[PDB]
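Here the chain labels run A, B, C, D, E, F and G in written order, and each chain numbers its own residues starting at 1.
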Amino acid sequence: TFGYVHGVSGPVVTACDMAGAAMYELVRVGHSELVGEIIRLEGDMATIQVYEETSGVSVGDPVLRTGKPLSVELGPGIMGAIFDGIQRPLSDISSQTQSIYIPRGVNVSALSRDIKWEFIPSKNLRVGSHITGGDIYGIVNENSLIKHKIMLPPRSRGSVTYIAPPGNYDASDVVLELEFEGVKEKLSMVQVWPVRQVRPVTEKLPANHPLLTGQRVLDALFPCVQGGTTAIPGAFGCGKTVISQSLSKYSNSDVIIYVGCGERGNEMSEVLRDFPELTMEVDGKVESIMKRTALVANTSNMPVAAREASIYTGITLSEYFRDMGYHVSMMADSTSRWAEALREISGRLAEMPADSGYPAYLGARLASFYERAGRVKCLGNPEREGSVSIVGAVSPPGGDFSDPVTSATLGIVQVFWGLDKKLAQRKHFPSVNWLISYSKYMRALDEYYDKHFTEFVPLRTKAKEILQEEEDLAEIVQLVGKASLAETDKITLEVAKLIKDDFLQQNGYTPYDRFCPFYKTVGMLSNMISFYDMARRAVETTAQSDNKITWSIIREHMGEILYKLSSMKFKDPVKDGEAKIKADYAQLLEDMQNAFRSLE
Amino acid sequence: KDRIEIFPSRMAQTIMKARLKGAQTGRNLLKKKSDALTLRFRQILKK
Amino acid sequence: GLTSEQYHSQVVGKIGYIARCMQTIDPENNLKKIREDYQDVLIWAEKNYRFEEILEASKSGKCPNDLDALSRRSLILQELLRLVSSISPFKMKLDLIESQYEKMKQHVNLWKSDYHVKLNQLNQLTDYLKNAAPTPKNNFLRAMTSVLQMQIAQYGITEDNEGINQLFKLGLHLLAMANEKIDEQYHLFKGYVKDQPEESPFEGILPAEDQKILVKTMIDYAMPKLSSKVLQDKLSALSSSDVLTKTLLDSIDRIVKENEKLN
Amino acid sequence: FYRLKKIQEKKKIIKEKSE
Amino acid sequence: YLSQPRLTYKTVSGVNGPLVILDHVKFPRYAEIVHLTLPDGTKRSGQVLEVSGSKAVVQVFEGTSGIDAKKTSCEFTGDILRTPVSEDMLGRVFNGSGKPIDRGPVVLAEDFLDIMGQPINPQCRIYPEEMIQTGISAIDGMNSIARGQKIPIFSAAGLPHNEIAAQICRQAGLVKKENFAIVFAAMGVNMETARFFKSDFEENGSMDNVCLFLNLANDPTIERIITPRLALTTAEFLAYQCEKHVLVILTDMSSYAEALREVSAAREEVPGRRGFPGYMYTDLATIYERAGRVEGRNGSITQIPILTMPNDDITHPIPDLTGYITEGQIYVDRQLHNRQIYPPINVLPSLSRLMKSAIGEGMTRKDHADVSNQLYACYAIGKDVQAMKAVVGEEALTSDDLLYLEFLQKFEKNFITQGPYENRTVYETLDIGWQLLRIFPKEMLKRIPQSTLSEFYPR
Amino acid sequence: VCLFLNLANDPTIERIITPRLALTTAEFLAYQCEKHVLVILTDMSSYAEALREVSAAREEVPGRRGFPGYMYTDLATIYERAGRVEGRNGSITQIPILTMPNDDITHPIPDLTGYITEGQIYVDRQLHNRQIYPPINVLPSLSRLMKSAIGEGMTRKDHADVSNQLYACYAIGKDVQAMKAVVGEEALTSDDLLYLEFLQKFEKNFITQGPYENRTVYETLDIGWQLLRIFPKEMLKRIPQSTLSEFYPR
Amino acid sequence: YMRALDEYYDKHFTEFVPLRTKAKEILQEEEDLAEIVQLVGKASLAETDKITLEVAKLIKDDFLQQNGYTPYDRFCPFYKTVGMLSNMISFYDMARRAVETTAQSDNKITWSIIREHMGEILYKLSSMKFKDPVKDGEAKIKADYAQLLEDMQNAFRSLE
């Protein structure tokens, strides 16, 4: 039913005749149907925080009470879509209204009802068969790349009374009907879910499998796990573009979700102008990753409730795909700007300001949001595993990690990649700092490496230890100069520079190593650490002799080997197959063995 | 001891930022003086 | 975890799903061993209980209601059903079905097992071909996948079979290989045929029309490379063959070489 | 902030006392 | 169109500061405009600040002095505030609320636009691309502005940020390697500075392009609140409907934020950080983010907010939030000003995050990015050497360091220093840059590629 | 063990009562069933912030950093449900765990918990980053019942002196490090070098410990003596002669 | 208001604006140099820096310092103010001219030479403030300041 507006003071509208309204329900205020959220009740009145500008609302304006809290509409048509945080489809608003503005109080259906989809019912299901929350009663052929799986809503169950035969249907068609305790329920391809309620899962599981990014520095030294959580400092010259695009194009994530959560205007324009242009190879054909990516993108002048709802809308879409059993990867583009949206809403509500001005519950909200991540055994009958990997960025003030948003983010998250404008300046792409960066999933992933890449773990330890050693050898050089270092630590320095320049450095625009498979990465680091150990052996076993070996001897004697190691990059996975690259690296190992032996 | 013992205020914050930048300027100038003395000292040792 | 009512709803749903998977994998009660192992969950679907009745049973503990055990049993059946579906027209012996059921039941964790991984790869190869249109790469993938399905039906996946491993290792690579690289697609398929111990791998497995399309495909690639009309017609003679054979491939190779030596 | 919030609440209560 | 006749109430039930409370209002609108007649015949506008039931709280633009119950009348205009927009207002000077103050006519509207506008659809916004040249070398060469960028000129009280703004207004234009328009909007500008703007633009021929809004320091602060929105509404009309590249120069956004504070306190909201409202971020965003290029319309809106940073504290809410929303910063610097350099634009902390789109072949010239980088590097190294000089002494300096000191001198004296009425195209700024970079032999210009050094360096 | 779980996404206000449920079960087991109960309360920071959430919604008078004015009383209502009771054999040890925000021990949660509890075991980033385990930075740690829980006939009779001397030597070693940060190795005298040697061997031998290593109190005291022997007697100013002459030599 | 008043100055005191600019520049350079002087010491200063410091002290003590309770400096007419600043800035210009011209040469001039060579000139530059319009005429004060400029030119020409 309708209430009526009884007051308006800025965004705070006060509505009478709303006896039954539910707290935190959404309402459509005014003749233009501006969105508002019931932030309070009193008697039979209600206070409605109107998201959009209230200029022009008048006393007596009808208030249409939406039946559901801030919710996302989940169904076919999400993929390739662009949404404001409130789930307003911008790529349909602009097209339908032929205007560059978001009409005040627009009411475009989030998922188009007009477009027909191809629906194939689950062959086993029939009338009378029992069906439970999360079951897949059919598949919608959304794309060449995402076979959408139509699922019963959680909290819905019963006996099948009608299942539509295979054919063309749209979100408006009742595709299934089920019966429970005699009560009947009709289900179309589109369900609804509150953005602030965690979608249920049969069982969460330990994050256990690598999230490949194709970047060597990320996949080797600082892994994230499908279902893990990550942080990325966002800055001007750092180049978060690299991580976002690597996850979108080359990650093993079956689906990608982006969140803007209040970017700058033109900064968001860049993302929306780029992402459609990105492409991925699938089954030997070039495909646009917008067949597997959805963008909750919005700028800073959009409603504050839109910026704050962006994180939750994104994570709810990602949980929908997780439930279907895909390995979603959800990237938030500034949780600092989302946190400022939160601070603004708290200020509008006049809550007590907590640490450094942010609300009392910023830490709890961040904790719950990231906790929504994870690798789960999805609900429902067809056994499935999905995941949602939250790679949300955070924007410290000038690199100061002490502000509440960054500090809580680094306390909650388990991986942190620390992109560095200084390395970008030095022309080191990726700009991963490899000293501030860290990954807490290494213990969890030892299980996987001991199965697939048995020899990667010692190489990881040794590489990080080499680089940490160099961190002090540099100060030794400053104190007494490079000529003053023992030969062993000279070898440390030259191999560390080799790793910096030809392992951790990866030009992302080349064909050969835009994407670096993990077998190639472990092979590269294996050969480099083999050289390190062999040089250390050569120096250490001749320290007891007059024929003591030196870095100068090693370089002048093995320049070919050093050039080969430096060139290991160019081995192209697309043309030089796995077997060929493995054999080439093993041949490099053979040549290096022979060279060290002939020196010895 | 931990704190300079000025009393909290916006005036105090301004004074402390000025003093921090003063000490950082001192650090930079003295570090350059040390680098000049160190370059000269190294040259003098070599000669 | 789940709420109490939701947990019991899941129990009911999984009982129903196990019943459905049983009916689909064995619509004739051929698999007596499996149906006896699943007797205590199959009964609740054998009788016509409503969801509410079976739910009351689940709440009371009368019906099997351990959700982890139900998941494990349902999954052991689900992988088997996926195998039986992926082989599609290549039916499998009841005894082999039983042996694979037993192996899967033995396995520690199916969702991490190479059994499941092989089923995933076979379903990649099948899903691509479900829609892909007829061109050299798709025809090669369909031929190799038909042979792979036959071998899967004849051996089962619970073994390190060299032939099936090779078929996967080549088919997945072909699938990943770019569509525009017709030369390399041909090279891979022909290399597979050459290395195959069977001189006529696809006889009896593919229908004669597809085999004829395969001879036509090889001839269509070989012909434009030639230079002499006589030799072009001598190759065109081979297009009459009803079956692809390694010796026929060798003859085609001879004639292309003879043209290139005329050049 | 707390003092001003308290004053505002007391003014609201005064409105209720007068009306 | 609104046919119904307006209701005029004598029911004033209170007058509390800048607010007049009317009761028994029929279906009040929020943000409705009101024209209220004082007992003595005077007239004052007001905006319905709040509404409840039959009550309406009218923020009278001018003070409430002289208002009373029982004799003040209050006509309700029945609609929100709307600005009349045309091209005719290009080449006019208006006060804060759209009233002409150049003794011209009242604007004959081409349309009536709601001054709050709507947010540009992020899926319709486009990347800025080509350059807008301001003539001021210190920002054209080193901090160029792409069409659609929002870049604020930070400055402390007393620095010539107003003079720099006037120079930008008088000189700006397309790179012309004629559809350009300017919307100046002075908020809280004292009378002498407002007169400076008006007479300067009138005298230096630029008035053809410039629509100038003036909210004098003693005009109503509500008129200050609505001035930036009038400016940007006209800018949106001239850009996304007339398809001409607009440059919006909002002046003293600190004086705007003070008016925002006053209106919040009038609403009786509790203060946020540093006394400013909590929603200042959304509000400043609503002002700034009415900018940028839009797909399918050949116009755009560039902005150059100008900020008086209190206490020179870059952490203060105004500059902090403005940095969050905008895409750069141009520092007017007190040490340069005291040394009597104009424009005292300190190019070391200044930045333009989208300069990389406004330069290059076909937009300014092949060597723009390289010359900018090299000038920045040599300027910074020169500042380093100048700090070191006083410690090590001049004769302890190497010849390269003397080159850098000479470059520092001539960069602060020939490139940064411009004089108010000297207009330098971007090409001229680049050639001055080269004349400075030739202080060094080519091998020292290490950030310039050889393919550029060989082409431009000689002569 | 009897777990109560309020995971990160479970309701916030329920954390207010979760500690009280846990301590009520602990009291039933200890004071009525006579078990020796050890209570753990994980993330009392995540509790105090639930407290701040409710108190803010109530608009109660705030203390420092927005936390309610009565957080001391509430934290004490939790903590002071510990100790042993006359005539009842059970006990309720408590080991609250709390995340000090920004590692700032002046933050209201750690500060009030310090005023209420009987000590604190302080876990240190400057050691965890060096990969010492456990990273217990003893210098700010405290245990108010050590003074009575140690001595003759309970553990050993040198325990108090050994502990006090290790504290003093550790503190002076840290001061010597802070001094060499200014004056470099050259300016240090042999006594400062002795203290730095003690500090190194203390963090290497005494603090550093295997995650599954179970050192007896006697082993810990003997390892303390191996370090006190780094010094000549007269530099062990906190130990009297009767103690020194008996334990120092061996 | 400087932008406005430059017209009045170009009509009445045409020389005052560059004097004002150079006075501000000198004050700012001395501000910069004092930060080094206190952090390191005066040894490293060049002759130009020494002259900047030793003219900035002159300005800060004998032009920008005014005893408002004395008969002579209760009020400083603008002819007196511009005369004072003109003399001080002329001294700056000519000292810098000498040292710049004789730098990188054997017959080097230095502030250490100038100060002792014309200590009287510096005394009179300091004493300019004491001229009293109430008894000394405008003509007298202008003539005295011009005579100080003449003495300065003679002293500098002799040092050269």
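In this text, a residue touches a chain if its C-beta (ideal position, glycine included) is under 8 Å from a C-beta of that chain, and two chains touch if they have at least 3 such contacts.
Among the remaining chains, those touching subunit A as well as subunit E are D.
The most distant chain from subunit E is C, comparing centres defined as mean Cα coordinates. Rounded to whole angstrom units, the spacing between the C-alpha centres of subunit A and subunit C is 33. Taking the mean of the C-alpha atoms as each chain's centre, subunit B and subunit E sit 38 Å apart.
Chain centres here are Cα averages; for subunit B and subunit F they lie 37 Å apart. For this pair, subunit C with subunit G, the centres built from the Cα atoms lie 98 Å apart. Subunit G has residues 36, 40 in contact with two or more other chains.
In subunit F, the residues that touch at least two other chains are 59, 62. Annotation for subunit C: no residues touch two or more other chains. Contact between chains, as defined at the top, is found for A-C, A-D, A-E, A-F, B-E, B-G, D-E, D-F, E-G. Within the complex, the subunit A residues that touch subunit C are 123-125, 128-135, 144, 147, 154-155, 157-159, 180-181, 200, 202-203, 281, 283-285, 377, 379-383, 385, 577.
Per the touch definition, subunit B reaches subunit G in the complex via residues 25-26, 29-30, 33. If you check the complex, the residues on subunit G that touch subunit E are 3, 21, 24-25, 27-29, 33, 36, 40, 43-46, 49. Here subunit F touches subunit D in the complex through residues 59, 61-62, going by the rule given at the top.
Put simply, subunit A touches subunit D in their complex at residues 350, 352-353.
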